[PDB]
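*Asks:* What follows is the file entry-v9.txt, containing compact mmCIF, C-alpha atoms and all ligand atoms:
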# COMPACT_ATOMS: atom_id res chain seq x y z
CA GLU A 3 79.43 87.97 135.16
CA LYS A 4 79.59 91.30 133.35
CA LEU A 5 76.42 91.01 131.29
CA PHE A 6 74.44 92.36 134.22
CA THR A 7 76.52 95.42 135.13
CA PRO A 8 75.51 98.97 134.26
CA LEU A 9 76.56 100.79 131.11
CA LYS A 10 76.27 104.43 130.16
CA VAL A 11 74.95 104.81 126.61
CA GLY A 12 75.14 108.50 125.66
CA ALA A 13 72.36 110.33 127.50
CA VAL A 14 71.15 107.26 129.37
CA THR A 15 72.50 104.60 131.67
CA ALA A 16 71.39 101.01 131.17
CA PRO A 17 71.09 98.85 134.35
CA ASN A 18 72.49 95.90 132.34
CA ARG A 19 73.84 94.89 128.88
CA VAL A 20 70.83 92.83 127.69
CA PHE A 21 69.27 95.00 124.99
CA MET A 22 66.12 94.32 122.99
CA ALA A 23 66.95 94.56 119.24
CA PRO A 24 64.71 96.42 116.83
CA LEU A 25 61.92 94.01 115.80
CA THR A 26 59.46 94.80 113.00
CA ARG A 27 56.15 93.20 114.08
CA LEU A 28 53.74 94.93 111.76
CA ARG A 29 50.79 95.39 114.10
CA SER A 30 50.19 99.14 113.57
CA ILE A 31 46.93 100.70 112.50
CA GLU A 32 46.30 101.46 108.87
CA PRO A 33 45.53 103.94 107.62
CA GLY A 34 47.96 106.20 109.40
CA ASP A 35 50.65 103.75 110.50
CA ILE A 36 49.76 104.33 114.11
CA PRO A 37 51.20 102.58 117.13
CA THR A 38 48.66 100.95 119.47
CA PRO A 39 48.26 100.34 123.17
CA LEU A 40 48.83 96.70 122.42
CA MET A 41 52.25 97.69 121.10
CA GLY A 42 52.49 99.68 124.31
CA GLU A 43 51.78 96.61 126.46
CA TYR A 44 54.32 94.63 124.41
CA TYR A 45 57.16 97.15 125.07
CA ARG A 46 56.16 97.67 128.71
CA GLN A 47 56.45 93.87 129.18
CA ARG A 48 60.09 94.07 128.17
CA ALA A 49 61.07 97.18 130.08
CA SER A 50 63.70 95.33 132.21
CA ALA A 51 65.87 95.44 129.14
CA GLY A 52 69.07 97.42 129.59
CA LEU A 53 67.71 99.27 126.54
CA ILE A 54 64.68 98.77 124.34
CA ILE A 55 65.18 99.53 120.62
CA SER A 56 61.83 99.85 118.80
CA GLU A 57 60.81 98.33 115.55
CA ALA A 58 61.93 100.33 112.48
CA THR A 59 59.72 103.38 112.20
CA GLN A 60 59.14 105.46 109.04
CA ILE A 61 60.63 108.95 109.04
CA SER A 62 57.95 109.86 106.47
CA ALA A 63 55.05 108.32 104.50
CA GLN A 64 57.42 108.03 101.62
CA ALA A 65 59.70 105.93 103.95
CA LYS A 66 57.02 103.22 104.21
CA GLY A 67 57.75 99.81 102.63
CA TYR A 68 55.75 97.42 104.86
CA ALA A 69 52.05 97.43 105.62
CA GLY A 70 51.81 97.67 109.40
CA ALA A 71 55.15 99.33 110.30
CA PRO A 72 54.55 102.43 112.44
CA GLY A 73 55.52 106.00 111.49
CA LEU A 74 56.87 108.97 113.44
CA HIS A 75 55.90 111.83 111.12
CA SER A 76 52.30 112.67 112.08
CA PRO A 77 50.66 114.12 115.22
CA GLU A 78 48.51 110.95 115.41
CA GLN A 79 51.72 108.93 115.43
CA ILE A 80 53.60 111.14 117.88
CA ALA A 81 50.72 111.14 120.37
CA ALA A 82 50.41 107.35 120.18
CA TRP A 83 54.15 106.87 120.71
CA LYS A 84 54.13 109.29 123.64
CA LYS A 85 51.86 106.95 125.52
CA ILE A 86 54.11 103.96 124.68
CA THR A 87 57.30 105.69 125.87
CA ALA A 88 55.47 106.90 128.97
CA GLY A 89 54.56 103.27 129.78
CA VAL A 90 58.15 102.08 129.45
CA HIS A 91 59.28 104.96 131.63
CA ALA A 92 56.72 104.08 134.29
CA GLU A 93 58.36 100.64 134.41
CA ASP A 94 61.76 102.37 134.76
CA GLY A 95 62.83 101.27 131.26
CA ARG A 96 64.65 103.12 128.44
CA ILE A 97 63.53 103.16 124.81
CA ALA A 98 65.25 104.23 121.58
CA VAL A 99 63.35 104.61 118.33
CA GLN A 100 64.98 103.07 115.24
CA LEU A 101 64.27 105.29 112.25
CA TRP A 102 64.34 104.16 108.62
CA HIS A 103 63.47 104.93 105.11
CA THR A 104 62.95 101.55 103.38
CA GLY A 105 64.00 102.87 99.96
CA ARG A 106 63.64 100.20 97.31
CA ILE A 107 62.35 97.61 99.77
CA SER A 108 58.75 98.70 99.36
CA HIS A 109 55.75 98.38 97.04
CA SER A 110 54.11 101.06 94.89
CA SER A 111 50.73 100.02 96.26
CA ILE A 112 51.60 101.46 99.67
CA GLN A 113 53.46 104.60 98.46
CA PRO A 114 51.96 108.10 98.29
CA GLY A 115 50.11 108.30 94.95
CA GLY A 116 50.82 104.68 94.15
CA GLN A 117 54.23 105.83 92.95
CA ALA A 118 57.44 103.84 92.60
CA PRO A 119 59.59 103.93 95.77
CA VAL A 120 62.96 105.68 95.69
CA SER A 121 66.54 104.53 95.99
CA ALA A 122 70.10 105.53 95.09
CA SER A 123 69.59 103.88 91.66
CA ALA A 124 66.89 102.19 89.56
CA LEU A 125 67.43 98.57 90.53
CA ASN A 126 65.03 96.06 91.95
CA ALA A 127 65.85 94.90 95.45
CA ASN A 128 65.04 91.47 94.06
CA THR A 129 63.50 90.45 97.41
CA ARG A 130 60.14 90.67 99.17
CA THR A 131 58.43 93.04 101.61
CA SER A 132 55.43 92.37 103.79
CA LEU A 133 52.01 93.72 102.80
CA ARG A 134 48.47 93.07 104.01
CA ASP A 135 45.67 91.26 102.22
CA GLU A 136 42.01 92.21 102.20
CA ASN A 137 41.56 90.48 105.52
CA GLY A 138 44.51 92.47 106.90
CA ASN A 139 46.72 89.42 107.27
CA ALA A 140 50.39 89.81 106.43
CA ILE A 141 51.58 88.52 103.01
CA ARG A 142 55.00 88.49 101.36
CA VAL A 143 55.15 90.34 98.02
CA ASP A 144 57.80 90.99 95.35
CA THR A 145 59.23 94.51 95.63
CA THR A 146 58.63 97.31 93.17
CA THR A 147 61.44 98.68 90.95
CA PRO A 148 62.55 101.98 92.42
CA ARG A 149 63.03 105.42 90.99
CA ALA A 150 66.56 106.77 91.45
CA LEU A 151 66.50 109.90 93.63
CA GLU A 152 67.18 113.16 91.83
CA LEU A 153 70.20 114.96 93.27
CA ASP A 154 68.03 117.82 94.40
CA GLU A 155 65.76 115.50 96.40
CA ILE A 156 68.49 114.45 98.79
CA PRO A 157 68.18 117.46 101.13
CA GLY A 158 64.53 116.51 101.52
CA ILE A 159 65.64 113.07 102.77
CA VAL A 160 68.16 114.52 105.22
CA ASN A 161 65.50 116.93 106.47
CA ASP A 162 63.08 114.02 107.00
CA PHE A 163 65.55 112.29 109.37
CA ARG A 164 66.08 115.61 111.18
CA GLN A 165 62.35 116.21 111.65
CA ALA A 166 61.70 112.57 112.62
CA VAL A 167 64.40 113.06 115.26
CA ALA A 168 62.75 116.20 116.62
CA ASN A 169 59.52 114.11 116.71
CA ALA A 170 61.36 111.37 118.58
CA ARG A 171 62.35 113.85 121.25
CA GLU A 172 58.79 115.25 121.33
CA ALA A 173 57.37 111.68 121.72
CA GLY A 174 59.54 110.75 124.69
CA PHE A 175 62.22 108.34 123.34
CA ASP A 176 65.53 108.43 125.16
CA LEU A 177 67.65 107.79 121.99
CA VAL A 178 67.45 107.47 118.24
CA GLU A 179 68.90 104.63 116.24
CA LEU A 180 69.55 105.42 112.58
CA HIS A 181 68.68 102.38 110.44
CA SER A 182 71.73 102.22 108.12
CA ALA A 183 71.71 98.40 107.68
CA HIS A 184 69.79 95.53 106.07
CA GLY A 185 69.60 97.01 102.60
CA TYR A 186 67.24 99.87 103.41
CA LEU A 187 67.72 103.41 102.04
CA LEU A 188 70.91 104.44 103.81
CA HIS A 189 72.48 101.06 103.10
CA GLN A 190 71.26 101.21 99.48
CA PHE A 191 73.54 104.26 99.26
CA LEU A 192 76.40 102.62 101.11
CA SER A 193 76.56 99.58 98.79
CA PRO A 194 78.29 99.45 95.41
CA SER A 195 75.74 96.74 94.57
CA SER A 196 72.73 99.03 94.86
CA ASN A 197 74.45 102.37 94.25
CA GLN A 198 75.42 103.12 90.62
CA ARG A 199 75.07 106.92 90.75
CA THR A 200 77.74 109.01 89.02
CA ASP A 201 77.02 112.15 91.02
CA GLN A 202 78.70 112.99 94.35
CA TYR A 203 76.49 110.38 96.02
CA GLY A 204 77.99 107.51 93.97
CA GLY A 205 81.34 105.86 93.19
CA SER A 206 84.02 106.11 95.83
CA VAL A 207 83.37 104.92 99.40
CA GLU A 208 83.47 108.55 100.52
CA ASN A 209 80.71 109.26 97.97
CA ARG A 210 78.62 106.27 98.95
CA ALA A 211 78.84 107.20 102.66
CA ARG A 212 77.99 110.93 102.06
CA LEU A 213 74.23 110.55 102.60
CA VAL A 214 74.54 108.64 105.82
CA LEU A 215 77.14 111.09 107.17
CA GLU A 216 75.00 114.16 106.31
CA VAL A 217 72.11 112.44 108.17
CA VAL A 218 74.34 111.89 111.14
CA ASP A 219 75.42 115.55 111.21
CA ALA A 220 71.89 116.86 110.69
CA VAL A 221 70.60 114.85 113.62
CA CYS A 222 73.57 115.62 115.91
CA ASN A 223 72.72 119.33 115.30
CA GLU A 224 69.03 118.73 115.70
CA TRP A 225 69.37 116.99 119.09
CA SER A 226 72.72 115.69 120.33
CA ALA A 227 75.41 113.15 119.43
CA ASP A 228 74.71 111.75 122.93
CA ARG A 229 71.22 110.80 121.67
CA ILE A 230 72.20 109.22 118.37
CA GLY A 231 73.06 105.59 117.66
CA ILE A 232 73.42 103.93 114.25
CA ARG A 233 72.85 100.38 113.06
CA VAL A 234 75.17 99.04 110.35
CA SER A 235 75.40 95.59 108.68
CA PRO A 236 78.76 96.16 106.96
CA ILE A 237 80.06 92.59 106.64
CA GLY A 238 78.30 90.18 104.34
CA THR A 239 74.93 90.16 102.58
CA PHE A 240 71.57 91.34 103.87
CA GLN A 241 68.36 91.08 101.92
CA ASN A 242 70.38 90.95 98.65
CA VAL A 243 72.46 94.00 99.41
CA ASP A 244 76.07 92.98 99.82
CA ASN A 245 78.84 95.26 100.99
CA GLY A 246 80.92 95.31 97.81
CA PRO A 247 84.46 94.04 97.06
CA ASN A 248 86.41 95.63 100.01
CA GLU A 249 83.72 95.43 102.72
CA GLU A 250 86.11 95.37 105.61
CA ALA A 251 88.09 98.47 104.64
CA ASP A 252 84.87 100.26 103.65
CA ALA A 253 83.45 99.49 107.07
CA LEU A 254 86.50 100.90 108.86
CA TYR A 255 86.16 104.01 106.68
CA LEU A 256 82.55 104.69 107.76
CA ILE A 257 83.37 103.78 111.34
CA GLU A 258 86.25 106.29 111.50
CA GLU A 259 83.95 109.01 110.14
CA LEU A 260 81.27 108.00 112.66
CA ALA A 261 83.74 108.32 115.46
CA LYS A 262 84.49 111.91 114.47
CA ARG A 263 80.93 112.87 115.32
CA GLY A 264 81.26 111.34 118.81
CA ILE A 265 77.82 109.63 118.61
CA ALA A 266 76.54 107.42 121.52
CA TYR A 267 76.77 104.00 119.95
CA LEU A 268 77.66 101.71 117.03
CA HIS A 269 75.19 98.82 116.71
CA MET A 270 76.67 96.08 114.46
CA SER A 271 74.17 93.65 113.07
CA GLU A 272 75.78 90.38 112.23
CA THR A 273 74.81 87.31 110.31
CA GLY A 278 77.70 83.25 106.15
CA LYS A 279 81.06 84.33 107.65
CA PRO A 280 81.73 85.37 111.32
CA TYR A 281 83.66 88.49 112.36
CA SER A 282 87.37 87.89 112.84
CA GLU A 283 88.65 89.12 116.19
CA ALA A 284 91.23 90.94 114.12
CA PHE A 285 88.43 92.96 112.50
CA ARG A 286 86.60 93.36 115.81
CA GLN A 287 89.74 94.87 117.35
CA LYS A 288 90.04 97.30 114.48
CA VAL A 289 86.47 98.49 115.07
CA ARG A 290 87.12 98.94 118.83
CA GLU A 291 90.28 100.87 117.92
CA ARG A 292 88.54 103.38 115.69
CA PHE A 293 85.28 103.89 117.49
CA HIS A 294 85.27 105.21 121.05
CA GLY A 295 81.60 104.97 121.88
CA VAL A 296 79.36 102.11 122.96
CA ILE A 297 79.60 98.97 120.74
CA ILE A 298 76.46 96.78 120.55
CA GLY A 299 76.63 93.36 118.84
CA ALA A 300 73.64 91.40 117.58
CA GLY A 301 72.84 88.49 115.25
CA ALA A 302 72.39 84.99 116.64
CA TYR A 303 74.13 85.99 119.86
CA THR A 304 74.06 83.82 122.97
CA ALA A 305 74.44 84.96 126.56
CA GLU A 306 77.74 83.07 126.53
CA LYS A 307 79.05 84.57 123.23
CA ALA A 308 78.08 87.96 124.65
CA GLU A 309 79.76 87.31 127.95
CA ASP A 310 82.96 86.40 126.08
CA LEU A 311 83.23 89.41 123.66
CA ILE A 312 82.28 91.80 126.44
CA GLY A 313 84.90 90.45 128.81
CA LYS A 314 87.31 90.59 125.86
CA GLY A 315 86.41 94.29 125.61
CA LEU A 316 85.33 93.98 122.01
CA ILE A 317 81.68 95.02 122.44
CA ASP A 318 79.83 96.61 125.36
CA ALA A 319 76.39 95.09 125.02
CA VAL A 320 74.24 92.73 123.02
CA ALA A 321 70.80 93.03 121.48
CA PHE A 322 68.69 89.86 121.36
CA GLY A 323 65.95 89.63 118.78
CA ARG A 324 63.99 86.39 118.67
CA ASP A 325 64.67 85.62 122.37
CA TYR A 326 63.12 89.01 123.21
CA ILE A 327 60.16 88.29 121.06
CA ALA A 328 59.53 85.16 123.15
CA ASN A 329 60.76 86.18 126.65
CA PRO A 330 59.46 89.48 128.15
CA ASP A 331 61.67 88.88 131.13
CA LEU A 332 64.66 87.73 129.14
CA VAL A 333 66.92 89.61 131.56
CA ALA A 334 65.86 87.60 134.62
CA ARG A 335 66.06 84.31 132.67
CA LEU A 336 69.57 84.92 131.48
CA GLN A 337 70.69 85.61 135.05
CA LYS A 338 68.94 82.57 136.56
CA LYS A 339 70.01 80.50 133.61
CA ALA A 340 66.30 79.65 133.21
CA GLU A 341 64.82 77.84 130.18
CA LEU A 342 63.33 80.20 127.51
CA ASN A 343 59.85 79.96 125.98
CA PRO A 344 59.65 78.31 122.55
CA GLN A 345 59.52 80.87 119.72
CA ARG A 346 56.41 81.25 117.54
CA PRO A 347 57.77 82.41 114.10
CA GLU A 348 54.40 82.14 112.37
CA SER A 349 53.28 85.15 114.41
CA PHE A 350 56.45 87.29 114.24
CA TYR A 351 54.69 89.39 111.56
CA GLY A 352 51.14 90.80 111.63
CA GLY A 353 48.19 89.71 113.72
CA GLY A 354 47.30 90.77 117.25
CA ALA A 355 48.16 89.85 120.83
CA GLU A 356 48.68 86.13 120.04
CA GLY A 357 52.41 85.53 119.72
CA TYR A 358 52.95 89.19 120.72
CA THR A 359 51.88 89.98 124.36
CA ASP A 360 51.07 86.38 125.41
CA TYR A 361 54.53 85.00 126.02
CA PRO A 362 54.66 84.55 129.82
CA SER A 363 57.41 85.62 132.24
CA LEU A 364 59.02 83.44 134.89
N1 LIG B 1 63.30 96.10 109.70
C1 LIG B 1 64.29 95.26 109.37
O1 LIG B 1 65.63 95.69 109.38
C2 LIG B 1 64.04 93.81 108.97
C3 LIG B 1 62.75 93.29 108.77
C4 LIG B 1 62.57 91.90 108.60
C5 LIG B 1 63.66 91.03 108.66
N2 LIG B 1 64.91 91.56 108.88
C6 LIG B 1 66.11 90.71 108.91
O2 LIG B 1 66.19 90.20 107.59
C7 LIG B 1 66.48 88.82 107.64
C8 LIG B 1 65.80 88.17 106.45
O3 LIG B 1 64.58 87.69 106.96
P1 LIG B 1 63.44 87.07 106.01
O4 LIG B 1 62.80 85.91 106.71
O5 LIG B 1 62.58 88.20 105.56
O6 LIG B 1 64.34 86.50 104.79
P2 LIG B 1 64.00 85.05 104.16
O7 LIG B 1 62.52 84.99 104.06
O8 LIG B 1 64.71 84.88 102.87
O9 LIG B 1 64.48 83.86 105.14
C9 LIG B 1 63.56 83.12 105.88
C10 LIG B 1 64.03 81.69 106.13
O10 LIG B 1 63.31 81.30 107.27
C11 LIG B 1 62.43 80.23 107.02
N3 LIG B 1 61.08 80.77 106.83
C12 LIG B 1 60.75 82.07 106.52
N4 LIG B 1 59.40 82.12 106.38
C13 LIG B 1 58.88 80.89 106.57
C14 LIG B 1 57.59 80.39 106.55
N5 LIG B 1 56.56 81.18 106.23
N6 LIG B 1 57.37 79.06 106.83
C15 LIG B 1 58.42 78.21 107.10
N7 LIG B 1 59.71 78.72 107.12
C16 LIG B 1 59.93 80.03 106.86
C17 LIG B 1 62.83 79.62 105.67
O11 LIG B 1 63.62 78.46 105.90
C18 LIG B 1 63.62 80.73 105.00
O12 LIG B 1 64.75 80.25 104.32
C19 LIG B 1 65.85 88.35 108.95
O13 LIG B 1 66.49 87.20 109.44
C20 LIG B 1 66.01 89.54 109.89
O14 LIG B 1 67.20 89.44 110.65
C21 LIG B 1 65.10 92.90 109.02
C1 LIG B 2 60.90 89.21 113.10
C2 LIG B 2 62.13 90.10 113.01
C3 LIG B 2 62.03 91.48 112.80
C4 LIG B 2 63.17 92.29 112.71
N1 LIG B 2 63.06 93.67 112.54
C5 LIG B 2 64.21 94.44 112.47
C6 LIG B 2 64.11 95.84 112.33
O1 LIG B 2 63.00 96.41 112.27
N2 LIG B 2 65.29 96.58 112.28
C7 LIG B 2 66.53 95.95 112.35
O2 LIG B 2 67.57 96.62 112.29
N3 LIG B 2 66.63 94.58 112.52
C8 LIG B 2 65.47 93.84 112.59
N4 LIG B 2 65.57 92.48 112.77
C9 LIG B 2 66.92 91.89 112.98
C10 LIG B 2 66.98 91.97 114.56
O3 LIG B 2 67.11 93.29 115.10
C11 LIG B 2 68.13 91.24 115.25
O4 LIG B 2 69.35 91.75 114.80
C12 LIG B 2 68.20 89.74 114.97
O5 LIG B 2 66.94 89.19 115.22
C13 LIG B 2 69.26 89.20 115.93
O6 LIG B 2 69.35 87.82 115.83
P1 LIG B 2 68.68 86.96 117.03
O7 LIG B 2 67.23 86.96 116.71
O8 LIG B 2 69.28 85.56 117.02
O9 LIG B 2 69.04 87.60 118.33
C14 LIG B 2 64.42 91.71 112.84
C15 LIG B 2 64.51 90.34 113.05
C16 LIG B 2 63.39 89.55 113.14
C17 LIG B 2 63.55 88.07 113.34
Represent the supplied structure as structure tokens.
*Replies:*
Amino acid sequence: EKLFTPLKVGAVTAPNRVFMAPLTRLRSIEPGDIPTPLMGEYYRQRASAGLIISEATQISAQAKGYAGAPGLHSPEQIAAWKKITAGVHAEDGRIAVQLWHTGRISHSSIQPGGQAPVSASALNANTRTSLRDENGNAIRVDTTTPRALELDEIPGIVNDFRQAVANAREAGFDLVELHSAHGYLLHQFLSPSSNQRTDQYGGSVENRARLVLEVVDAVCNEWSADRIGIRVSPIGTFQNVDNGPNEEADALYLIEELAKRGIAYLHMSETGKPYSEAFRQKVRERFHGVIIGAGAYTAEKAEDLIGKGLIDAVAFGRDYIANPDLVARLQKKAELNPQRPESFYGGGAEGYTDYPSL
């Protein structure tokens, strides 16, 4: 039914509503956190997606928390991405870059100067990140305790998102997705759990949401609201960052503010309690742009919610890892390739560009 109809998402139009979710795969070149042609072949393979959303990409070297995640702050990086976006565009695809700062989800050993990473407050994420061993294989490691950002460092962060956005537009991407979910830097600010500041960036929900909203305004000035999407995970717990004691009302707060900027899309990452339709209707009521749902979605769950007018499209993660031509398969109701989780992270072409199409 509707899953395969067109949808305008800000400055682009997607041929269908089957989006490829951002997927950290950790195959970049170090030093330099540089995308590769292999990565290019991987994204090109999936260009039939209504929209491709790249793996999280550092806005800065300070943003880095995972060995192998690409950056978008250097000329080496921008040139490499250019080629990747070009490839997608040759296949008539569309590609958004998801930008993050990992904040406390990082390790000193991969920070500039071997320093502690930064966050809203000085509290261990109490989870793991992915680093590389001597042989360059991916390994899980306990995260380093962060340094709380000084008040006067915050403008530097906002500027980093702005500049990374300018770089996105230089590199060819059609859109930018702000990574404000999964317990990374923006979310570390949004959450009472990880934010214990007593300055204007802490306390009330308005204070906790200040950083993310200044990023949104900086990047709407820098480019356009029609080019900006944002990913939130506002209900539940993600990598040990919960959403505090009134998560639903605090979500509707941020969503109402987001609406005011008229940005292109709200990408809700789900997944542990499901979203009530009640809540879903409240979101749809407050936000006027494109709504993208993700998190253990099925083609059928997606077809429902869409028809019900509660979301406009769906991003598939794991299914996109394993099915380049996921779009065709969903429409032919074809079987999907088995997933190979042991190669989600790190490595080379095996479990990356070697999943076959129909
Ligand atoms: N850039 C990002 O925003 C980012 C990056 C990575 C993951 N994520 C999200 O964060 C969530 C947490 O993912 P996670 O896996 O890091 O948390 P996690 O490691 O706590 O959960 C992994 C679960 O999967 C299984 N599993 C994981 N590794 C395994 C292994 N080596 N062998 C056998 N079974 C294994 C285990 O049963 C385990 O309970 C993910 O589901 C994903 O949606 C986001
Ligand atoms: C291996 C892997 C890497 C991921 N990387 C990111 C990421 O970089 N940014 C992000 O917002 N979500 C990331 N996610 C979460 C996915 O975007 C997506 O929401 C999730 O996989 C959806 O569930 P599904 O796989 O059942 O479709 C990742 C998930 C997986 C499994």
*Asks:* What gap, in Å, lies between CA of residue 324 in chain A and CA of residue 26 in chain A?
*Replies:* 11.1 Å
*Asks:* Could you tell me, counting all atoms listed in the file, which protein and nucleic acid residues lie no more than 8 Å from ligand LIG 1 (chain B), written as a ChimeraX atom specification?
*Replies:* /A:24-26,57-58,129-131,181,183-186,240-241,273,301,347-348
*Asks:* Restricting the output to C-alpha atoms, write the selected residues as a CSV table (one decimal), in the frame of the given file.
*Replies:*
chain,number,residue,atom,x,y,z
A,24,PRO,CA,64.7,96.4,116.8
A,25,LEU,CA,61.9,94.0,115.8
A,26,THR,CA,59.5,94.8,113.0
A,57,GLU,CA,60.8,98.3,115.6
A,58,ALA,CA,61.9,100.3,112.5
A,129,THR,CA,63.5,90.4,97.4
A,130,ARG,CA,60.1,90.7,99.2
A,131,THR,CA,58.4,93.0,101.6
A,181,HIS,CA,68.7,102.4,110.4
A,183,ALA,CA,71.7,98.4,107.7
A,184,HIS,CA,69.8,95.5,106.1
A,185,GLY,CA,69.6,97.0,102.6
A,186,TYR,CA,67.2,99.9,103.4
A,240,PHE,CA,71.6,91.3,103.9
A,241,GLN,CA,68.4,91.1,101.9
A,273,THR,CA,74.8,87.3,110.3
A,301,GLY,CA,72.8,88.5,115.2
A,347,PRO,CA,57.8,82.4,114.1
A,348,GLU,CA,54.4,82.1,112.4
*Asks:* Could you produce a table of the residues of chain A lying within 9 Å of ligand LIG 2 (chain B), with the nearest pair of atoms per residue and their separation in Å rounded to one decimal, using all atoms listed in the file, ordered by chain and increasing residue number, as a tab-separated table?
*Replies:*
residue	atom	partner	partner_atom	distance
A:22	CA	B:LIG2	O3	8.0
A:23	CA	B:LIG2	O3	4.3
A:24	CA	B:LIG2	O3	4.3
A:25	CA	B:LIG2	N1	3.5
A:26	CA	B:LIG2	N1	3.8
A:27	CA	B:LIG2	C3	6.3
A:55	CA	B:LIG2	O3	8.6
A:56	CA	B:LIG2	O1	7.5
A:57	CA	B:LIG2	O1	4.4
A:58	CA	B:LIG2	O1	4.1
A:59	CA	B:LIG2	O1	7.7
A:71	CA	B:LIG2	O1	8.6
A:100	CA	B:LIG2	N2	7.1
A:101	CA	B:LIG2	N2	8.8
A:102	CA	B:LIG2	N2	8.5
A:181	CA	B:LIG2	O2	6.2
A:182	CA	B:LIG2	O2	8.1
A:183	CA	B:LIG2	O2	6.4
A:184	CA	B:LIG2	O2	6.7
A:233	CA	B:LIG2	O2	6.5
A:234	CA	B:LIG2	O2	8.2
A:235	CA	B:LIG2	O2	8.7
A:270	CA	B:LIG2	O4	8.5
A:271	CA	B:LIG2	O4	5.5
A:272	CA	B:LIG2	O4	7.1
A:273	CA	B:LIG2	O6	7.8
A:299	CA	B:LIG2	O4	8.5
A:300	CA	B:LIG2	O4	5.1
A:301	CA	B:LIG2	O6	3.6
A:302	CA	B:LIG2	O8	3.2
A:303	CA	B:LIG2	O9	5.6
A:304	CA	B:LIG2	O9	7.8
A:320	CA	B:LIG2	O9	8.7
A:321	CA	B:LIG2	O9	6.5
A:322	CA	B:LIG2	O9	3.8
A:323	CA	B:LIG2	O7	3.6
A:324	CA	B:LIG2	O7	3.8
A:325	CA	B:LIG2	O9	6.3
A:326	CA	B:LIG2	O9	7.8
A:327	CA	B:LIG2	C1	8.0
A:347	CA	B:LIG2	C1	7.6
A:349	CA	B:LIG2	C1	8.7
A:350	CA	B:LIG2	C1	5.0
A:351	CA	B:LIG2	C1	6.4
*Asks:* Hey, which of A:243, A:13, A:49, A:28 ends up closest to residue 228 in chain A? Count only C-alpha atoms.
*Replies:*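 Residue with the minimum atom-to-atom distance to residue 228 in chain A: A:13.
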*Asks:* I'd like the neighbourhood of residue 16 in chain A as an MDAnalysis selection string, where a residue qualifies if any of its atoms comes within 6 Å (using only C-alpha atoms), though same-chain residues fewer than 3 positions away should be ignored.
*Replies:* chainID A and resid 8:9 52
*Asks:* Quick one: residues within 9 Å of residue 103 in chain A, all atoms listed in the file, excluding same-chain residues fewer than 2 positions away - as a PyMOL selection string?
*Replies:* chain A and resi 58-62+64-67+101+105+159+163+181+186-188
*Asks:* A:256, A:127, A:192, A:133: which is nearest residue 146 in chain A, counting all atoms listed in the file?
*Replies:*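 Smallest separation from residue 146 in chain A among the options: A:127.
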*Asks:* For residue 3 in chain A, which residue out of A:335, A:229, A:142, A:19 is the nearest one, using all atoms listed in the file?
*Replies:*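 When distances to residue 3 in chain A are compared using all atoms listed in the file, the smallest one comes from A:19.
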*Asks:* Could you give me the centre and size, in Å to one decimal, of an axis-aligned box around all listed atoms of range 41-51 of chain A with 4 Å added on every side, as AutoDock Vina command-line options?
*Replies:*
--center_x 58.8 --center_y 96.8 --center_z 126.7 --size_x 22.1 --size_y 13.8 --size_z 19.1
